[PDB]
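Undergrad: Need coordinates for the following:
(2 chains)
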Amino acid sequence: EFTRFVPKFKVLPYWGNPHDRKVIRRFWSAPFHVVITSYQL
DNA sequence: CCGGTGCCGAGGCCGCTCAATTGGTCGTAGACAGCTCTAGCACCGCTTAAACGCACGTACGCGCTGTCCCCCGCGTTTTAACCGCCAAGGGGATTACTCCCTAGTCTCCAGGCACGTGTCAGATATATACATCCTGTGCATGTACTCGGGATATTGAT
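TA: Residues are numbered from 1 along each chain as shown, chains lettered A, B, ... in the order given. Structure as follows:
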């Protein structure tokens, strides 16, 4: 829905293997427009 | 006054929902099998020569074998400082994160010393005659163990 509704907003998903998620967290640690994460995460 | 009963609060059950673990498959590349001489070379076959290893007596000590006496071990007692357990304060080693940096890869370069061969000569095995230094034996004596009695600590209980 974000990748199609508007070609402006940038998503930075946060759900997956500890490695990928840690890398994503390190990234912004600014294009972090929107973030997608689960309740448990 | 006490007691039945609704309301609320808590404990018990069950179940996913999700995040972390571990054996299975793909794949490619440097290194275990495996000739191929070769190569000269150790290993084998075939001889003798000398000596050490082996066996038989036989002399001759150093281990087993029998008898008295106390000194050390056994066994008891009480009691006390130590072992073991418990508990609390707090410091520091642990765990996780970001940032820096030098290990690791490989590439290129090149001159120093491992490494082999060739030459030759003097240090070392070896045999024989010479001889004297070390070794078994015998024996005097004195440094050291032992017994006894008087100093100086050296601990424990008021």
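
Undergrad: Going along the chain, name the helices of chain A.
TA: For chain A, the helices defined by DSSP state H cover A:2-5, A:18-28.

Undergrad: What lies in contact with the first one?
TA: With C-beta atoms under 8 Å, 6 or more residues apart in numbering as the test, helix A:2-5 has contacts from A:9, A:11, A:34. In short, each C-beta sits where N, CA and C put it, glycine included.

Undergrad: can you do 10 Å?
TA: Contact partners of helix A:2-5, identified using C-beta atoms under 10 Å, 6 or more residues apart in numbering, comprise A:8, A:9, A:10, A:11, A:13, A:33, A:34, A:36.

Undergrad: try the last one
TA: Applying C-beta under 10 Å, 6+ apart, the set of residues contacting helix A:18-28 from outside is A:12, A:13, A:14, A:15, A:16, A:17, A:29, A:32, A:35, A:37, A:41.

Undergrad: any idea how far the fifth one lies from DNA strand B?
TA: Relative to DNA strand B, residue A:16 is positioned 8 Å away (C-beta to the nearest atom of the strand, to the nearest Å).

Undergrad: before we move on, what about residue A:31?
TA: Computed as C-beta to the nearest atom of the strand, the residue A:31 to DNA strand B distance reads 17 Å.
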